[PDB]
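Trainee: pasting the structure only:
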Ligand SMILES: O=c1[nH]c(=O)n([C@H]2CCCO2)cc1F
Ligand SMILES: O=c1[nH]c(=O)n([C@H]2CCCO2)cc1F
């Protein structure tokens, strides 16, 4: 019945996006209860970003210097503090659209939806993964900082990402909602290079299961393998090593399809060694690694959010 | 700065989704003002779908047979009528979350976002295109009928698609919001085959412009071509013929990049004739055709919706 790169419905998060301006700089904030979260680099000018001393720059800012606007209405800022790389602006009004929510720090390999925003206004929604090198491959222009990534379980939004930086190579870095960067990145305009962009093996396997469920089966073969043998191949192709935990996580998709995990690993092994020979899998000409096992079960089972 | 398959924010549409049950069949409806729109096959049993006489089946239905539920609240049905392949259920309460909206019948080659829903509850959002054969390549399970596709211009939702049918080949067919199918498809479980899935040439060119803007430039070459020469190649590869209207639509992306449209056509020609030689463009190993010129400008310029 089809398999698409699918984001979570964005309405619960749209209702939390605001605009934050400090001096000359405008970016997005996230309004939950009576706190607005935004990147701490809102206080910087373009020149400040080369070598910013955030504590010193913040001394010169007062509550009334943070202009916070939710659509056309202005919010009153009654306190401010810095937590790691985020600012928390306490406002005098709780967001009436605050969904049930949690702050989660995700693991590399996990996926989430991004609501790209500008001037506090949502522009679009797309699905991302936290890469093993702790970058994300997003779509962010100037003004998009403070846009967030999130997952939804039924009625609860788990926020996991806030956007802060574009590296010189065009990939993206940011923090969790406690303001701690993913990976080694810092909010300074400096030479920061990403490490190896390794492929998320367990996700590729999940997507191959999704393909079989939908009738793209040409890559199934007569072979099997072992974890250690497979991983010799994973290593050569800059794939994450597959572990027994990963095998266990794939158990449900294995049970539903009747294809043993290690047999699917043998299919992936052949695909890595031989390529796809000009064929496609679920409309892709490369091996997709930004669907988790949970994403596949969810999309193949129609789980909804209330 | 990155280029992603991006859907519109879904919140305005989430607020319109309801559940409609008639007898044993449950699917989704769209609640705008005091009307709920849903597929007319809600009145059918599984057996009825082989040879349904909708007018005869509807004679046996009254207002109280259509159970309409918006979240946990029940809506009172005060009238019903069939328009083409949709039912319009008049309810006694206008949807307080009705956004500004229009009904549009899109052209093949145009893109839109789908809010996949089950039992009236949103599951996910993704971007689709109306294919030249009038199918869409979606992700729809049993229960997803009545999910809608839409575009947003600033504050106005233009609804263009309602989901009705999965063909035996796994692609999807549906109607506009006046209930007229796209293409030749009918709401009957019969032998319906899609025609040739031609590639949307103007969209491929737009995406190549997007690639250049983002620094994927390896496919630029020293050549040019003409519309007629290019189209000889398009035809061989089952690409839509490129017209002067398409060239004109690409004008802005041509102006911004300084790459003449026909020079980009020569790049595409070489890509069609030689393939990508194991390289990628914007993270894809095939030529992507579900971004329109407007989608590229929008995403590259950060247009937002209020
Ligand atoms: O840190 C937190 N504080 C909160 O008050 N909530 C409540 C507020 C609404 C739903 O959850 C959640 C958190 F994660
Ligand atoms: O057919 C239509 N009828 C309407 O009342 N509207 C109004 C109602 C809210 C915004 O638009 C739009 C239509 F497209």
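Mentor: Thanks, I have the structure now. Numbers count the residues shown, from 1 in each chain, chains lettered A, B, ... in the order given. Ligands and ions are numbered 1, 2, ... in the order given.

Trainee: mind listing what the residue of the stretch 51-200 of chain A found nearest ligand 2 touches?
Mentor: Residue of the stretch 51-200 of chain A nearest ligand 2, by CB to the nearest ligand atom: residue A:71 (18.1 Å). To be clear about C-beta, it is placed using only N, CA and C from the backbone, and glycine gets the same treatment. Residue A:71 sits next to A:120, B:306 when contact means CB atoms under 8 Å, 6 or more residues apart in numbering or on different chains.

Trainee: go again using 10 Å as the cut-off
Mentor: A:17-19, A:120-121, B:306 (CB atoms under 10 Å, 6 or more residues apart in numbering or on different chains).

Trainee: near ligand 1, which of the residues you listed show up?
Mentor: Taking CB under 6 Å from any ligand atom as the test, ligand 1 is in contact with none of the contacts of residue A:71.

Trainee: and the residues you listed, which two are furthest apart?
Mentor: A:18 and B:306 (13.3 Å; CB to CB).

Trainee: more crowded one of those two?
Mentor: residue A:18 (26 against 12; other CB atoms under 10 Å in any protein chain shown).

Trainee: so the more buried one: helix, strand or coil?
Mentor: Following DSSP: H, G, I helix; E, B strand; the rest coil, residue A:18 is assigned to strand.

Trainee: for residue A:268, same thing?
Mentor: Assignment for residue A:268 (three-state DSSP): helix.

Trainee: give me the number of residues near the nearest residue to residue A:5 once chain neighbours are set aside?
Mentor: Once flanking residues are discounted, residue A:5 sits nearest to residue A:127: 5.2 Å by CB to CB, 6 or more residues apart in numbering or on different chains. Using other CB under 10 Å, the number of residues around residue A:127 comes to 24.

Trainee: pretty sure residue A:242 contacts residue A:248?
Mentor: No. Using CB atoms under 10 Å as the test, residue A:242 is too far from residue A:248 to be in contact (11.1 Å).

Trainee: now do the shared contacts for these two.
Mentor: Joint contacts of residue A:242 and residue A:248 (CB under 10 Å, 6+ apart) are residue A:261.

Trainee: wait, a helix at residue A:61?
Mentor: No. Assignment of residue A:61 by three-state DSSP gives coil, placing it outside any helix.

Trainee: residues touching it, list them.
Mentor: A:22-23, A:42-43, A:80, A:87.

Trainee: show me where the stretch 201-306 of chain A has helices.
Mentor: A:201-213, A:227-236, A:244-249, A:251-257, A:261-274, A:293-301 (DSSP state H, counting those that start in this stretch).

Trainee: follow-up on the earlier one: select from the contacts of residue A:61 the one having the most neighbours.
Mentor: residue A:87 (26 neighbours).

Trainee: which parts of the helix or strand containing residue A:56 are buried?
Mentor: Using DSSP states H and E, residue A:56 maps to helix A:54-59. Judged by neighbour count using 16 or more other CB atoms under 10 Å in any protein chain shown, the buried positions of helix A:54-59 are A:54, A:57-58.

Trainee: what packs against it?
Mentor: strand A:77-83 (3 or more CB pairs under 10 Å, 6 or more residues apart in numbering or on different chains; DSSP states H and E).

Trainee: list the buried residues for the strand it packs on?
Mentor: In strand A:77-83, counting by 16+ other CB under 10 Å, buried: A:77, A:80.

Trainee: cool, stretch A:217-229 as well?
Mentor: If you call a residue buried by 16+ other CB under 10 Å, then stretch A:217-229 has these buried ones: A:219-220, A:224-225, A:227.

Trainee: and those residues, which is closest to residue B:13?
Mentor: Out of the buried residues of stretch A:217-229, the member with the shortest distance to residue B:13 (by CB to CB) is residue A:219, at 36.0 Å.

Trainee: return the residues in contact with that closest one.
Mentor: A:208, A:211-212, A:264, A:267-268, A:270-271, A:274, A:276, A:279, A:281, A:287.

Trainee: among these, which pair sits farthest apart?
Mentor: A:212 and A:274 (18.4 Å).

Trainee: of those two, who's got more company?
Mentor: residue A:212 (20 against 9).

Trainee: residues contacting the closest residue to that one other than its chain neighbours?
Mentor: Leaving aside its sequence neighbours, residue A:212 sits nearest to residue A:257 (CB to CB, 6+ apart; 5.3 Å). Residues near residue A:257 by CB under 10 Å, 6+ apart: A:208-210, A:212-213, A:217, A:220, A:263-264.

Trainee: go with 8 Å
Mentor: Per CB under 8 Å, 6+ apart, neighbours of residue A:257: A:209, A:212-213.

Trainee: what's the closest of the contacts of residue A:61 to residue B:131?
Mentor: Closest to residue B:131, out of all of these and judged by CB to CB, is residue A:42, at 43.7 Å.

Trainee: OK, contacts around the closest one?
Mentor: A:20-22, A:25-27, A:66, A:87, A:145-146.

Trainee: between the contacts of residue A:61, which is closest to ligand 1?
Mentor: residue A:87 (16.1 Å).

Trainee: next up, the contacts around the closest one.
Mentor: Residue A:87 touches A:37-40, A:42-43, A:66, A:80-81, counting by CB under 8 Å, 6+ apart.

Trainee: after the helix holding residue A:56, next one along is what?
Mentor: strand A:66-70.

Trainee: so that following strand, near chain B or not?
Mentor: No. Using CB under 8 Å from any CB of the partner chain, no contact is recorded between strand A:66-70 and chain B, whose separation bottoms out at 12.1 Å.

Trainee: which helices and strands does the helix or strand following that strand pack with?
Mentor: As assigned by DSSP H and E, the chain's next helix or strand after strand A:66-70 is strand A:73-75. If you count contacts as 3 or more CB pairs under 8 Å, 6 or more residues apart in numbering or on different chains; DSSP states H and E, strand A:73-75 packs onto strand A:66-70.

Trainee: and the strand it packs on, how far from the chain's centre?
Mentor: 25 Å (CA atoms, centre = their mean, to the nearest Å).

Trainee: buried residues, it. List them.
Mentor: A:66, A:68-70.

Trainee: okay, residue A:242 and residue A:248: which has more neighbours?
Mentor: Neighbour count, other CB under 10 Å: between residue A:242 and residue A:248, residue A:242 has more, with 23 against 12.

Trainee: dump the residue contacts of that one.
Mentor: Residue A:242 neighbours (CB under 8 Å, 6+ apart): A:201-202, A:205, A:227, A:230-231, A:234, A:265.

Trainee: from those, which is closest to residue A:178?
Mentor: For these, the nearest to residue A:178 is residue A:202 (26.4 Å; CB to CB).

Trainee: contact partners for the closest one?
Mentor: Taking CB under 8 Å, 6+ apart, one finds A:109, A:240, A:242, A:246, A:249-250, A:292-293 in contact with residue A:202.

Trainee: between those residues, which sits nearest ligand 2?
Mentor: For those, the nearest to ligand 2 is residue A:292 (38.5 Å; CB to the nearest ligand atom).

Trainee: skip the chain neighbours and tell me the closest residue to residue A:223.
Mentor: Nearest to residue A:223 is residue A:266, by CB to CB, 6+ apart, at 4.0 Å.

Trainee: nope, residue A:306 is what I meant
Mentor: residue A:155 (4.9 Å).

Trainee: again with residue A:210
Mentor: In space, residue A:210 is closest to residue A:296, 4.5 Å off (CB to CB, 6+ apart).

Trainee: what does the stretch 101-250 of chain A have sitting close to ligand 1?
Mentor: A:101-103.

Trainee: surely residue A:104 is in contact with residue A:158?
Mentor: Yes. Counting by CB atoms under 8 Å, residue A:104 does reach residue A:158; the two are 4.4 Å apart.

Trainee: is the biggest strand by length in chain A anywhere near chain B?
Mentor: Ranked by residue count, the top strand of chain A under DSSP state E comes out as strand A:156-166. Yes. Judged by CB under 8 Å from any CB, strand A:156-166 and chain B are in contact via residue A:166.

Trainee: which SSE is immediately downstream of that strand?
Mentor: Counting by DSSP H and E, the next helix or strand C-terminal to strand A:156-166 is strand A:172-175.
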